[PDB]
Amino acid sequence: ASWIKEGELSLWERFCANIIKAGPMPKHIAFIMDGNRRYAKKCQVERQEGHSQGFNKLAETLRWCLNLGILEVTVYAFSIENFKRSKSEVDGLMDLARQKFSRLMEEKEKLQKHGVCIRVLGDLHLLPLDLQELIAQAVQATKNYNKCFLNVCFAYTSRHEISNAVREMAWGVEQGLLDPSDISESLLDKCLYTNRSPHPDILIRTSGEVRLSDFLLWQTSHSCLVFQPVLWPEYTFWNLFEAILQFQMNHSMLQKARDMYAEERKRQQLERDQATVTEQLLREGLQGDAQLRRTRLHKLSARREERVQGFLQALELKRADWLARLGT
């Protein structure tokens, strides 16, 4: 089927949505679409149909999200861990991906009309070369759309994403763009595949499984974890609705927590900074009553701002470069 499944919410869906939209609504939901194989078994159907049904549900689910005014959605489609499955299965999964990403071109009309930007996050170099090219074109085609964001995590793990992000800032070091003392929380954030997106308000996993399975570990540390027993291909609007209801119940507490953590980080930063300014001034001699420390603080800050902004534009470069090269 298509990628965009145009559907108007029904009466009860519509009504319950209105009541819910009165409270805090998530801006970004992420999904571990797990349980396709158990579903196929349950339905006495072939494995591949299970995964195909899984893709159908993703298309249906994105429409639900769009109808609720939730503009960003991240999904886990394929883990690096998944390569260890039988060649039969992974070839099947790889073929599915080819099919869907190829069909995306024939849907350019609906993509513009609906304004859906598609990003594919992972260690893509591990995929078959044909698939990389396919994905790359898909990404380039939608890059300028803005009404709805879908992030498909393919050949992805969290650890890989994290390592990659540190490697990227070690590359900044080797390329003399980054000095060790500039590596921080923010900078790491900004070197993840997910850097264009805010952290997900909700993370949902569909099997009865109570593990994250190496998914958005950094991004979902302060987010609402919802584990629902339903197998992914059987997901319903109401499952989603229950997720949002959990989010709304947790919202106040998770906000307090998120601010506390932010306030404590700015504190522990202004602390570790003010101290660096001390060693320098004690070793120099002069030590204040004419805003001496205050001026050394503006400096260390602006040094970072200029030099991190510099590292960033060069990282964006390198990403676009590999995007253009592999999607030509």
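From 1 onward, residues are counted along the sequence shown.
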| property | result |
| --- | --- |
| Residues of the deposited sequence left unbuilt between residue 275 and residue 274 | none |
| Mean C-alpha B-factor comparison - 278-286 and 299-307, higher one | 278-286 |
| Residue range whose averaged C-alpha B-factor is higher in the record, 101-109 or 151-159 | 101-109 |
| Among 22, 16, 9, 315 - the residue whose C-alpha B-factor is largest in the record | 315 |
| Candidate set 57, 27, 37, 294 [ranked by C-alpha B-factor, highest] | 294 |
| Residue 230 - which third its CA temperature factor falls in, relative to the rest of the chain | lowest |
| B-factor third for the C-alpha atom of residue 222 within its chain | lowest |
| Cα B factor band for residue 146 (lowest, middle or highest third within the chain) | highest |
| Modelled-residue ranking by C-alpha temperature factor, third containing residue 130 | highest |
| Relative C-alpha B-factor of residue 79, binned into the chain's lowest, middle or highest third | middle |
